[PDB]
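Structure file work.cif (mmCIF, C-alpha atoms (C1' of nucleotides)) follows.
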data_run
#
loop_
_atom_site.group_PDB
_atom_site.id
_atom_site.type_symbol
_atom_site.label_atom_id
_atom_site.label_comp_id
_atom_site.auth_asym_id
_atom_site.auth_seq_id
_atom_site.Cartn_x
_atom_site.Cartn_y
_atom_site.Cartn_z
ATOM 1 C CA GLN K 8 130.342 98.979 114.655
ATOM 2 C CA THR K 9 127.454 96.778 115.756
ATOM 3 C CA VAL K 10 127.337 95.879 119.441
ATOM 4 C CA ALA K 11 126.450 92.276 118.585
ATOM 5 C CA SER K 12 129.929 91.906 117.072
ATOM 6 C CA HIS K 13 131.419 92.263 120.579
ATOM 7 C CA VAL K 14 128.774 90.307 122.546
ATOM 8 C CA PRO K 15 129.463 86.539 122.678
ATOM 9 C CA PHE K 16 126.483 84.264 122.130
ATOM 10 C CA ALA K 17 127.451 82.426 125.325
ATOM 11 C CA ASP K 18 126.474 85.434 127.446
ATOM 12 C CA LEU K 19 123.005 85.544 125.881
ATOM 13 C CA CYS K 20 122.628 81.782 126.313
ATOM 14 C CA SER K 21 123.616 82.019 129.985
ATOM 15 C CA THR K 22 121.168 84.880 130.532
ATOM 16 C CA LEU K 23 118.364 82.856 128.939
ATOM 17 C CA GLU K 24 119.260 79.818 131.054
ATOM 18 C CA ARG K 25 119.220 81.931 134.221
ATOM 19 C CA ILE K 26 115.845 83.399 133.243
ATOM 20 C CA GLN K 27 114.390 79.934 132.648
ATOM 21 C CA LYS K 28 115.837 78.508 135.872
ATOM 22 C CA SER K 29 114.461 81.330 138.023
ATOM 23 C CA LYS K 30 111.057 80.504 139.507
ATOM 24 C CA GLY K 31 109.708 83.963 140.345
ATOM 25 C CA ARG K 32 108.917 86.446 137.597
ATOM 26 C CA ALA K 33 110.831 89.086 139.562
ATOM 27 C CA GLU K 34 114.124 87.218 139.132
ATOM 28 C CA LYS K 35 113.547 86.726 135.397
ATOM 29 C CA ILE K 36 112.712 90.407 134.942
ATOM 30 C CA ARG K 37 115.797 91.367 136.956
ATOM 31 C CA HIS K 38 118.065 89.181 134.814
ATOM 32 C CA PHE K 39 116.617 90.538 131.571
ATOM 33 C CA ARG K 40 116.874 94.115 132.856
ATOM 34 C CA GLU K 41 120.514 93.605 133.844
ATOM 35 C CA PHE K 42 121.338 92.213 130.401
ATOM 36 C CA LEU K 43 119.509 95.074 128.673
ATOM 37 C CA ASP K 44 121.219 97.681 130.860
ATOM 38 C CA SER K 45 124.644 96.198 130.124
ATOM 39 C CA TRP K 46 123.885 96.191 126.394
ATOM 40 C CA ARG K 47 122.650 99.795 126.465
ATOM 41 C CA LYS K 48 125.643 101.004 128.485
ATOM 42 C CA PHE K 49 128.044 99.282 126.090
ATOM 43 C CA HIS K 50 126.212 100.777 123.104
ATOM 44 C CA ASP K 51 126.387 104.269 124.610
ATOM 45 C CA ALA K 52 130.081 103.899 125.456
ATOM 46 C CA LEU K 53 130.936 102.539 121.994
ATOM 47 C CA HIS K 54 129.113 105.009 119.718
ATOM 48 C CA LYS K 55 130.472 108.222 121.202
ATOM 49 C CA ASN K 56 131.312 110.026 117.944
ATOM 50 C CA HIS K 57 128.047 108.801 116.459
ATOM 51 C CA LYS K 58 125.832 110.062 113.631
ATOM 52 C CA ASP K 59 122.541 108.449 114.669
ATOM 53 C CA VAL K 60 123.832 104.958 113.932
ATOM 54 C CA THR K 61 121.184 102.352 113.092
ATOM 55 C CA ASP K 62 122.384 99.899 115.752
ATOM 56 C CA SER K 63 119.880 98.592 118.293
ATOM 57 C CA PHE K 64 118.904 95.520 120.326
ATOM 58 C CA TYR K 65 117.478 93.801 117.236
ATOM 59 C CA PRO K 66 120.301 91.208 116.912
ATOM 60 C CA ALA K 67 119.492 89.864 120.384
ATOM 61 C CA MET K 68 115.777 90.716 120.433
ATOM 62 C CA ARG K 69 115.087 88.631 117.325
ATOM 63 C CA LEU K 70 116.788 85.603 118.884
ATOM 64 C CA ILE K 71 114.973 86.160 122.189
ATOM 65 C CA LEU K 72 111.622 86.279 120.331
ATOM 66 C CA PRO K 73 111.979 83.998 117.290
ATOM 67 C CA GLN K 74 108.205 83.796 116.783
ATOM 68 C CA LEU K 75 108.223 87.451 115.658
ATOM 69 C CA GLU K 76 111.001 86.900 113.091
ATOM 70 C CA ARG K 77 109.548 87.963 109.732
ATOM 71 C CA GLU K 78 112.711 89.029 107.883
ATOM 72 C CA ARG K 79 113.942 85.422 107.615
ATOM 73 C CA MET K 80 111.764 82.831 105.894
ATOM 74 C CA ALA K 81 111.190 79.284 107.122
ATOM 75 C CA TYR K 82 114.488 77.521 107.762
ATOM 76 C CA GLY K 83 113.110 74.284 106.313
ATOM 77 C CA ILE K 84 114.727 72.145 109.040
ATOM 78 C CA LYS K 85 112.197 71.001 111.646
ATOM 79 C CA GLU K 86 112.678 68.716 114.659
ATOM 80 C CA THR K 87 112.949 65.529 112.590
ATOM 81 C CA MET K 88 115.311 67.152 110.089
ATOM 82 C CA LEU K 89 117.375 68.662 112.912
ATOM 83 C CA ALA K 90 117.706 65.278 114.622
ATOM 84 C CA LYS K 91 118.710 63.643 111.354
ATOM 85 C CA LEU K 92 121.298 66.329 110.586
ATOM 86 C CA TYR K 93 122.735 66.018 114.080
ATOM 87 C CA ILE K 94 123.017 62.273 113.462
ATOM 88 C CA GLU K 95 124.923 62.576 110.177
ATOM 89 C CA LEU K 96 127.155 65.510 111.154
ATOM 90 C CA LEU K 97 128.219 64.073 114.523
ATOM 91 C CA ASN K 98 128.951 60.679 112.895
ATOM 92 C CA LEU K 99 126.965 58.899 115.592
ATOM 93 C "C1'" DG R 1 91.880 88.215 119.582
ATOM 94 C "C1'" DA R 2 88.856 85.568 122.586
ATOM 95 C "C1'" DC R 3 88.425 81.619 125.507
ATOM 96 C "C1'" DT R 4 90.178 78.018 128.760
ATOM 97 C "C1'" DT R 5 93.389 75.869 132.063
ATOM 98 C "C1'" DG R 6 97.070 76.019 135.362
ATOM 99 C "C1'" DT R 7 100.344 78.356 138.587
ATOM 100 C "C1'" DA R 8 101.988 82.082 141.643
ATOM 101 C "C1'" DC R 9 101.439 86.214 144.473
ATOM 102 C "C1'" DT R 10 98.973 89.070 148.013
ATOM 103 C "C1'" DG R 11 96.017 92.110 150.819
ATOM 104 C "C1'" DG R 12 91.702 91.637 153.627
ATOM 105 C "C1'" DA R 13 89.055 88.935 156.926
ATOM 106 C "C1'" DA R 14 88.772 85.366 160.452
ATOM 107 C "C1'" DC R 15 90.631 83.951 164.500
ATOM 108 C "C1'" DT R 16 92.830 84.616 168.797
ATOM 109 C "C1'" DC R 17 94.578 87.288 172.672
ATOM 110 C "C1'" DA R 18 94.285 90.965 175.974
ATOM 111 C "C1'" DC R 19 92.274 95.018 178.075
ATOM 112 C "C1'" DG R 20 88.668 98.346 179.303
ATOM 113 C "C1'" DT R 21 83.714 99.590 180.288
ATOM 114 C "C1'" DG R 22 79.213 98.696 182.075
ATOM 115 C "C1'" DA R 23 75.355 95.775 184.206
ATOM 116 C "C1'" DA R 24 73.603 92.101 187.170
ATOM 117 C "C1'" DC R 25 73.445 88.646 190.977
ATOM 118 C "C1'" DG R 26 74.599 86.817 195.494
ATOM 119 C "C1'" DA R 27 77.511 86.640 199.886
ATOM 120 C "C1'" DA R 28 78.757 88.845 203.919
ATOM 121 C "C1'" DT R 29 78.418 92.556 206.981
ATOM 122 C "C1'" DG R 30 76.534 96.456 209.160
ATOM 123 C "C1'" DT R 31 72.594 99.448 210.387
ATOM 124 C "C1'" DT R 32 67.631 100.975 211.061
ATOM 125 C "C1'" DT R 33 62.662 100.191 211.950
ATOM 126 C "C1'" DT R 34 58.969 97.635 213.893
ATOM 127 C "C1'" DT R 35 56.667 94.330 216.987
ATOM 128 C "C1'" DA R 36 55.993 90.474 220.524
ATOM 129 C "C1'" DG R 37 57.288 89.325 225.598
#
Same coordinates, now as structure tokens:
Amino acid sequence: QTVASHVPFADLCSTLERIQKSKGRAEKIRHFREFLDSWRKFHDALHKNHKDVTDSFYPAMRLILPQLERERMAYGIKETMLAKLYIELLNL
DNA sequence: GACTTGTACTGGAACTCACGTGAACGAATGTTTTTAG
């Protein structure tokens, strides 16, 4: 029962947007700490009858720090390819 | 990982203000000593 299955991507996107918008490092750290605390509290409340489940913050941590992603190889779609694919798919 | 550039935060020093302490000069007054009439 992974926590990421119950956490919408919109919440993470909003947290990242708030972090970027904030000017002082204190506000960014506060936002990230609030998100992490909510995630940890939800994880603790979900896995009550647990057996040392291998569920952690990796699903969100990898997205927050894509540069450290080693499990997944190169996507093969760079900025030019992404722009092209957006053009065909959206039928612009 | 080491260097460079750029941005943000922050505690200490500079400045000012105000007061207290001590030292020096001159004004005004009072008082004492000495000397010419």
Inset, instruction - Specify as a PyMOL selection string all residues of chain R found within 12 Å of chain K, counting only C-alpha atoms (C1' of nucleotides). - result: chain R and resi 7-9
Inset, instruction - Point out the residue among K:99, K:67, K:84, K:20 with the least atom-to-atom distance to residue 46 in chain K, counting all atoms listed in the file. - result: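 Checking each candidate against residue 46 in chain K, we get K:67 as the closest.
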Show me, as JSON, the centre and edge lengths in Å to one decimal of the axis-aligned box that covers every listed atom of range 14-20 of chain R with 4 Å on each side.
{"center_x": 91.6, "center_y": 91.1, "center_z": 169.9, "size_x": 13.9, "size_y": 22.4, "size_z": 26.9}
Legend entry - Atom-to-atom span, CA of residue 53 in chain K and CA of residue 9 in chain K, Å: 9.2 Å
Legend entry - Between CA of residue 63 in chain K and CA of residue 24 in chain K, distance in Å (one decimal):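 Between CA of residue 63 in chain K and CA of residue 24 in chain K the gap works out to 22.7 Å.
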Legend entry - Nearest candidate to residue 47 in chain K (options K:94, K:10, K:17, K:68; using all atoms listed in the file):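 Among K:94, K:10, K:17, K:68, it is K:10 that comes nearest to residue 47 in chain K.
Distance-wise, CA of residue 66 in chain K and CA of residue 37 in chain K end up 20.5 Å apart.
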Inset, instruction - Write out as a list in words the residues lying within 12 Å of residue 43 in chain K, counting all atoms listed in the file and excluding same-chain residues fewer than 2 positions away. - result: residues 18, 19, 22, 36, 37, 38, 39, 40, 41, 45, 46, 47, 48, 49, 50, 63, 64, 65, 67, 68 and 71 of chain K
Quick one: range 86-99 of chain K with N, CA and C atoms, as a CSV table (one decimal), in the frame of the given file?
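Okay, this is what ended up in out20.csv:
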chain,number,residue,atom,x,y,z
K,86,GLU,N,112.1,69.6,113.6
K,86,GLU,CA,112.7,68.7,114.7
K,86,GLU,C,113.2,67.4,114.1
K,87,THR,N,112.5,66.8,113.2
K,87,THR,CA,112.9,65.5,112.6
K,87,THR,C,114.2,65.8,111.7
K,88,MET,N,114.2,66.8,110.9
K,88,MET,CA,115.3,67.2,110.1
K,88,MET,C,116.5,67.5,111.0
K,89,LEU,N,116.3,68.3,112.0
K,89,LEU,CA,117.4,68.7,112.9
K,89,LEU,C,118.0,67.4,113.6
K,90,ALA,N,117.2,66.5,114.0
K,90,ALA,CA,117.7,65.3,114.6
K,90,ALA,C,118.5,64.5,113.6
K,91,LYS,N,118.0,64.4,112.4
K,91,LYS,CA,118.7,63.6,111.4
K,91,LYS,C,120.1,64.3,111.1
K,92,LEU,N,120.1,65.6,110.9
K,92,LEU,CA,121.3,66.3,110.6
K,92,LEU,C,122.3,66.2,111.7
K,93,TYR,N,121.8,66.3,113.0
K,93,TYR,CA,122.7,66.0,114.1
K,93,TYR,C,123.3,64.6,114.0
K,94,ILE,N,122.5,63.6,113.6
K,94,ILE,CA,123.0,62.3,113.5
K,94,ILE,C,124.1,62.2,112.4
K,95,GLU,N,123.9,62.7,111.2
K,95,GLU,CA,124.9,62.6,110.2
K,95,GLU,C,126.2,63.4,110.6
K,96,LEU,N,126.0,64.7,110.9
K,96,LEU,CA,127.2,65.5,111.2
K,96,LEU,C,128.0,65.0,112.3
K,97,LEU,N,127.4,64.6,113.4
K,97,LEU,CA,128.2,64.1,114.5
K,97,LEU,C,128.8,62.7,114.3
K,98,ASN,N,128.4,62.0,113.2
K,98,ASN,CA,129.0,60.7,112.9
K,98,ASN,C,128.6,59.7,114.0
K,99,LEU,N,127.4,59.8,114.6
K,99,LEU,CA,127.0,58.9,115.6
K,99,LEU,C,126.6,57.6,114.9
